[PDB]
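Before any questions on how it binds or moves, here is one chain, the form deposited in one PDB entry, in structure tokens.
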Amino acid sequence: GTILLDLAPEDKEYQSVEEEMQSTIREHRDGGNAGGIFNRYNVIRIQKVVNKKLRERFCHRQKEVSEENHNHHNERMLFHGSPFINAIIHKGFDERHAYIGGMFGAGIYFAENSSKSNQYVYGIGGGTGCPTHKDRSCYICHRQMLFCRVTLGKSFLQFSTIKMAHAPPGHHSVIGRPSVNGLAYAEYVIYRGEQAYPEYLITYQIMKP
């Protein structure tokens, strides 16, 4: 039931998304190992993901969370990267595919920094990089990430690794927060797929500095 609406680069909605993507790039602690060395993307395409059933599921859950959290669903626009974008835009996020070994356990991970999500596009820690050149810093091959609506509800703030299966009691999400001698950039984790909607599909390259 998914329809992808291609946005014209002249569209202000396209430009809004690209601006968020470009302006949230950060220098990463790993010197570029996972996601590559760049300070700018070349955006190839931005598509709006239209899926009535997925939207219904997302909205139903958002209403529940809102009622459970003093009428604040705390929706945030956040980036997601993984090798599973094609499945996500058709069937949604599915925590049954999330396993307990992750830094914050069996959840679906999002970032406020696009360059953090870019570290996951080819796998955890960038995997082995692009299929053709096996280069995590490939400047040739195309990449995709999502810019998603994410229902956070009441977030549990976590500063170090804790492998949990579900949000803590009374909460709807976990935020891995920067701390001294800890994380550098925030990571946002939900443990129910229906708390995210894959609003925008971005096709891009990283650019060589």
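Only residues modelled in both forms are compared. Position 1 is the first residue in the sequence shown; the rest follow in order. Superpose the two forms; the largest set of C-alphas matching within 1.5 Å is the rigid core.
Beyond the structure shown, there is the form deposited in another entry, which is absent from this document and is the topic of what follows.
Aligning the rigid core between this form and the one not shown and inspecting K163, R26, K63, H142, the C-alpha positions shift by 2 Å or more at one residue, which is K163. Comparing the forms between this form and the one not shown on their rigid core, the Cα displacement of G105 reaches 2 Å or more. Put simply, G36 and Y99 come closer in that other deposited form: their C-alpha atoms are 3 Å or more nearer than in the form shown. Put simply, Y99 and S117 come closer in that other deposited form: their C-alpha atoms are 3 Å or more nearer than in the form shown. Every Cα shifting by 2 Å or more, across three or more consecutive residues, marks a moved region; comparing between this form and the one not shown on the rigid core, these regions are 99-105, 161-164.
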